[PDB]
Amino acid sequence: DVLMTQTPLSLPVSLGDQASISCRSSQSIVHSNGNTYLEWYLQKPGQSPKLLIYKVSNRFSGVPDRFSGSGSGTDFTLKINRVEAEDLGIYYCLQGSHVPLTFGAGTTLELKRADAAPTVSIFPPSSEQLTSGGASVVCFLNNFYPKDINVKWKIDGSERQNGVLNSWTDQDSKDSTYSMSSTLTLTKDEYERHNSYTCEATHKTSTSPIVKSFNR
């Protein structure tokens, strides 16, 4: 199959910036009829992909002129001249020349802002959940930037990997930050058989993790 390689994986931009996204195919995508079926799509959360450019360089109807596509052979580029807020989202390239048709992995265009360490908060199981026989420990890692972050749970100093579920928000409309929730779920029996619970946040803003804990 034709592999479509998109770079960069993510591109931070300020409004009004120039933006340029690359898509490279692993082999030629010239169809036997002579055409090159290379398309660019923009997709926002909860919506279908919207077609921006078709056949390499042709702007689809209703698409603002600030979008333009170019390329030849295995080498393709999408440019945005003066990025606006509605341009933020994930961009995909698609080759339609050789079956199976294949997409690039996507490039996220996101709003640039100052780096910001997460605000980390940890919460023991509620009495109500314990009564019901369950035990969930919740850690919020809020309003950080950039989006990459890692969380580690420690029970009595020991790293726990099972029973952890994570969720991430989309970039905040007001402060351009990201947030993450991490939940460690145990039986009540096992929760009461330990003392210290710890969530550790590793983020680019520091060399040392932000560590938050409570002791039963």
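Start at 1 and count along the sequence shown; that's the residue number.
Here the stretch with the larger average CA B-factor, out of 177-185 and 157-165, is 157-165. Stretch comparison (44-52 versus 145-153) by mean CA B-factor in the PDB entry places 145-153 on top. Comparing the C-alpha B-factors of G104, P100, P125, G133 in the entry, the top value falls on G133. Highest CA B-factor among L15, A19, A201, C23, as stated in the entry: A201. For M4, the recorded CA temperature factor ranks within the lowest third of the chain's modelled residues. For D172, the recorded CA temperature factor ranks within the middle third of the chain's modelled residues. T36: CA B factor in the lowest third of modelled residues in this chain (values from the PDB entry). Among the modelled residues of the chain, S57 sits in the middle third by CA temperature factor in this PDB entry.
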